[PDB]
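A single chain, nothing else alongside it, follows as structure tokens in the form deposited in one PDB entry.
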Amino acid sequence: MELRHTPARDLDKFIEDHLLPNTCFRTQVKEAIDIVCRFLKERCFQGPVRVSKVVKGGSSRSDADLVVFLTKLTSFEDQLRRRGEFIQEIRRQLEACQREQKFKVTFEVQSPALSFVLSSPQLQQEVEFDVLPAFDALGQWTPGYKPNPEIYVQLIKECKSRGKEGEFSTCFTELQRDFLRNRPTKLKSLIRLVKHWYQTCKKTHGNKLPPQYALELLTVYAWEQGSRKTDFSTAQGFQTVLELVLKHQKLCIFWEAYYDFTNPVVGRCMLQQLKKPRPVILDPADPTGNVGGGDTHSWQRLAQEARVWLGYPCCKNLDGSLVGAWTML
């Protein structure tokens, strides 16, 4: 059944039946991406720019971003100005990879933006990757360590100048993914549920909604503030998120997972972002990015959906009572 017709007691089954990726295909996709990665790093621009890494980003026939990082760029703007140049070289090597390498899945580079589809005839599944060139601002980064604040200092400086705050977040995709992957399975599942809810809402909106990523972060926030447990009620977590969306006019959220106020420039940037019209959901991976910021109308649209959804069976017991949101603090 549709999520909107699924009672709270059936949410976990809904997630397992419709939202969990086919484990086998998931692994085959990871292996393919690893092959593409090493291939692009070796073959692209093989004759200062070079491909240093390739990482899967946000994801919804499912869609996903595939970030191709480039070293030796003179500025963040270059990944935008030379996008055409970069996309052509990457397209060329993706096609050479498809031609020369064998995969356990079908690999098809799409004809002219650059994307390719990984599919499995034996599983009735596929994922289309949107290839995004990005400056490798982080360079060598390893989980557990905060990037050198100087990396963000440079970012802040350029974003201020070009007025592109939060527009180079793709450069920190590794942090975005680390932030969401280092979580208990139950929470990752709740995030999948929220993503589905979001995508369901997007389907009927001719106007903009906040970015899905904003909701992924809001879900983490809900859990950190209201649960922090490896097991909990999915329905209660969902209600908490819907209720948090309603509070968008009062939300001011941020994390110091990859940066903090230590550096004056970064701290100043954070403070400047934290003072902007709410909601403020500061990207843990990018201090210049208020995810879904500067568009209160989009949040009002989503909040209207949140209220509608709080009336659905999703957060309700058989007797019609709400399962209840997590108390927070």
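For clarity, a rigid core is taken as the largest C-alpha set superposing within 1.5 Å between two forms. Just count from 1 along the sequence shown to find any residue number.
Below: the form deposited in another entry, not depicted.
Of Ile191, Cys97, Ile151, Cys201, the one whose Cα moves 2 Å or more between this form and the one not shown after core superposition: Result of the comparison: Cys97.
Shift of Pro121 between this form and the one not shown at or above 2 Å (CA, core fit): Where the cores coincide, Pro121 still shows a C-alpha shift between this form and the one not shown that is 2 Å or more.
Displaced residue check between this form and the one not shown: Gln272, CA, 2 Å or over, core reference: No.
Core-aligned C-alpha movement of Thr106 between this form and the one not shown reaching 2 Å: True for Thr106: a C-alpha shift of 2 Å or more.
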